[PDB]
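To start, the structure itself, in C-alpha cells.
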Amino acid sequence: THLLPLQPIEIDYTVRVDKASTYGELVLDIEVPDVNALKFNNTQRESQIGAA
Amino acid sequence: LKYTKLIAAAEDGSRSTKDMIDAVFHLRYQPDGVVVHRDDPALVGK
Amino acid sequence: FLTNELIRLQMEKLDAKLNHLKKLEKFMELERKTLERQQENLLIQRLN
C-alpha cells in the first residue's frame, strides 16, 4: 500500500510585471526514460544469457 | 576487478566527494533526478 | 600390439573432453563481467 505511482514536480513561480523578460532565470532539468535502452537491457539480462 | 581500487578509496576516508566522482567519469551526470535553478548567473545571459 | 591399440583409443577419448573444456571456460568470462557490474552499482551507491 505504501508504494505509490509517480508524483508530479511542484514549483512556485511569480509573474514579473516590471521585469519585462524573465526568460533565463527559471530553468529546471529533469530526466526522462529512454525506452530503447530499457528494451535493449531487459532482453539482455544475465539470466537469459546464462540460460542460453 | 575493475573498480577494486575506486571502491577501496571510497570507504577508507580519502577522496570524500569530488575526487571520486571525477575519477569515475563519455557520460553525463547531474546531482539528482530533478535539478531546479531558481536563479543562475550564466543562464540569465539569454 | 593390443596394448598400443588401447592406449590410442584412450587418448582419442581424452582429446574430446579436453576440447569441451573451452566453453566452460567462457562461462567464466560471463561471471567476471557480472561481478564488475555489481561493483559499478556498489560504488555509485556509496557515493550517493
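Here the Cβ positions follow ideal geometry from the backbone for every residue, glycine too, while neighbour counts run over all protein chains shown. Every read-out reported here was derived from the displayed coordinates using simple, explicitly stated rules and does not represent laboratory data.
Return the total of residues in segment A:17-52 being within 12 Å of chain B (Cβ to nearest Cβ) and surrounded by 10 or more Cβ atoms within 10 Å (Cβ to Cβ).
10
Do we have any residue at all in segment B:19-41 that's loosely packed, with under 10 Cβ neighbours inside 10 Å, assigned to a helix (DSSP H, G or I) and either in contact with a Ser or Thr (Cβ under 7 Å, 6 or more places away or on another chain) or more than 9 Å from chain A (Cβ to nearest Cβ) (or both)? The answer is yes; a qualifying residue exists. Quick check, is A:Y13 within 28 Å of B:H37 (Cα to Cα), among the hydroxyl-bearing types (S, T, Y) and surrounded by fewer than 10 Cβ atoms within 10 Å (Cβ to Cβ)? Taking the combined requirement at face value, the residue satisfies it. Of the residues making up segment C:1-44, those that are under 28 Å from B:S16 (Cα atoms) and in contact with an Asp or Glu (Cβ under 9 Å, 6 or more places away or on another chain) are C:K33, C:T34, C:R37. Selection within segment B:1-18: residues that are closer than 15 Å to C:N41 by Cβ and of a type in the set (S, T, Y). The member of this set that is surrounded by the fewest Cβ atoms within 10 Å (Cβ to Cβ) is B:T4. Output yes when any residue across segment C:9-30 is surrounded by 11 or more Cβ atoms within 10 Å (Cβ to Cβ), assigned to a helix (DSSP H, G or I) and not β-branched (V, I, T), and no when none is. Looking for residues that are surrounded by 11 or more Cβ atoms within 10 Å (Cβ to Cβ), assigned to a helix (DSSP H, G or I) and not β-branched (V, I, T), one finds at least one in segment C:9-30, hence yes. Give me the residue from chain C that is away from every other protein chain (no Cβ under 14 Å) and among the β-branched types (V, I, T) and, out of that set, nearest to A:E46 (Cα to Cα). In this case the residue turns out to be C:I7.
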